[PDB]
Amino acid sequence: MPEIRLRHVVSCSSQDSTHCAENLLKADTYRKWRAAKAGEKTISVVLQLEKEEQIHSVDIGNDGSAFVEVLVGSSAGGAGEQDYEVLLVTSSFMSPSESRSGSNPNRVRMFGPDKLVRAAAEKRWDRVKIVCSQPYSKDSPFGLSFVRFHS
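The working numbering puts the first residue of the sequence shown at 1, with every later residue one more than the last.
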């Protein structure tokens with residue numbers, strides 16, 4: 001099919017035990033991504049792609065988040081987490097105020113071809129780096145409701 005699904009969280013830089021970033025593998029179940037701790041200032045989570053393919057459109061739901069960046073890369077080599085290419089810079093969906101109880105505390109957004117670099121999006125990748133950014137928590141953890149990709 002002309003879609004892209006996740007397999008497992010290859011790399012991660014912000015995930016808890018029960019609500020770990022691996023919960024993103026089950027976008028339709030009963031668990032989402034939640035930073036390993038509270039004080040959601042900036043969390044990173046690199047997920048793997050069940051198959052190396054290109055990227056034409058992406059889907060990510062914000063769970064009290066505000067900025068969401070996504071990088072692309074392949075499992076080739078795998079020396080450091082800096083051998084990726086900025087597929088789509090951080091996307092601002094919410095703010096650090098409505099995430100509490102002033103406005104939409106949760107919203108889901110997506111990306112297409114215009115939001116992805118053509119020089120890289122058309123390159124077959126099989127790894128993705130998702131990094132959320134925005135200081136909205138302090139005692140309770142949070143992050144994304146789910147993450148998806150589609151060619």
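Cβ atoms here follow ideal geometry from the backbone N, Cα and C, with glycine treated the same way.
Subject >> Reference residue 135, options 59, 55 and 64, closest by Cα >> reply: If you number the sequence shown from 1, residue 135 lands on position 135. Of the candidates 59, 55 and 64, the one whose C-alpha sits nearest the C-alpha of residue 135 is 64.
Subject >> residue 148 - partner residues in DSSP beta bridges >> reply: Taking the sequence shown and counting its residues from 1, the one referred to as residue 148 is at position 148. 59.
**OP:** State the DSSP-derived secondary structure class of residue 107, mapped to helix, strand or coil.
**Re:** Taking the first residue of the sequence shown as position 1, residue 107 is located at position 107. Three-state result, residue 107: strand.
Original post:
Where does residue 24 fall in DSSP's three states?
Top reply: As a working mapping, residue 24 is identified with position 24 in the sequence shown. It is helical.
Original post:
Does the beta-carbon distance from residue 34 to residue 146 come in below 8 Å?
Top reply: Against the sequence shown, residue 34 aligns to sequence position 34. Against the sequence shown, residue 146 aligns to sequence position 146. For residue 34 and residue 146, no; Cβs fall outside 8 Å.
Subject >> Proximity below 8 Å, CB of residue 62 to CB of residue 6 >> reply: If you number the sequence shown from 1, residue 62 lands on position 62. If you number the sequence shown from 1, residue 6 lands on position 6. No, these two residues do not count as a Cβ contact at 8 Å.
**OP:** Consult DSSP for residue 97 and reduce its assignment to one of helix, strand or coil.
**Re:** As a first step, residue 97 is located in the sequence shown; it is residue number 97 there, counting from the start. Here residue 97 sits in coil by DSSP.
Original post:
Can you check whether the CB of residue 72 is closer than 8 Å to the CB of residue 60?
Top reply: Taking the first residue of the sequence shown as position 1, residue 60 is located at position 60. Taking the first residue of the sequence shown as position 1, residue 72 is located at position 72. In this structure, residue 72 does not lie closer than 8 Å to residue 60 by Cβ.
**OP:** Determine the extent of the alpha helix (DSSP H) in which residue 127 is found, giving its start and end residues.
**Re:** One-based indexing of the sequence shown puts residue 127 at position 127. First-last for residue 127: 125 to 133, but that is the beta strand (DSSP E), not the alpha helix (DSSP H).
**OP:** Answer yes or no: do residue 66 and residue 96 have a C-beta to C-beta separation smaller than 8 Å?
**Re:** For the purposes of this step, residue 66 is taken as the residue at position 66 of the sequence shown. For the purposes of this step, residue 96 is taken as the residue at position 96 of the sequence shown. Against a cut-off of 8 Å, the Cβ pair of residue 96 and residue 66 comes out as a contact.
**OP:** Whole angstroms is fine: what's the gap from residue 25's alpha carbon to residue 113's?
**Re:** Taking the first residue of the sequence shown as 1, we reach residue 25 at position 25. Taking the first residue of the sequence shown as 1, we reach residue 113 at position 113. About 23 Å.
**OP:** Can you give me the start and stop residues for the beta strand (DSSP E) that residue 43 sits inside?
**Re:** Position 43 of the sequence shown, counting from 1, holds the residue named residue 43. Segment 42 to 53, the beta strand (DSSP E) holding residue 43.
Original post:
Apart from the five residues on each side of it in sequence, which residues of its chain come closer than 6 Å, Cβ to Cβ, to residue 86?
Top reply: Your numbering for residue 86 matches position 86 in the sequence shown. Cβ within range, chain order: 71.
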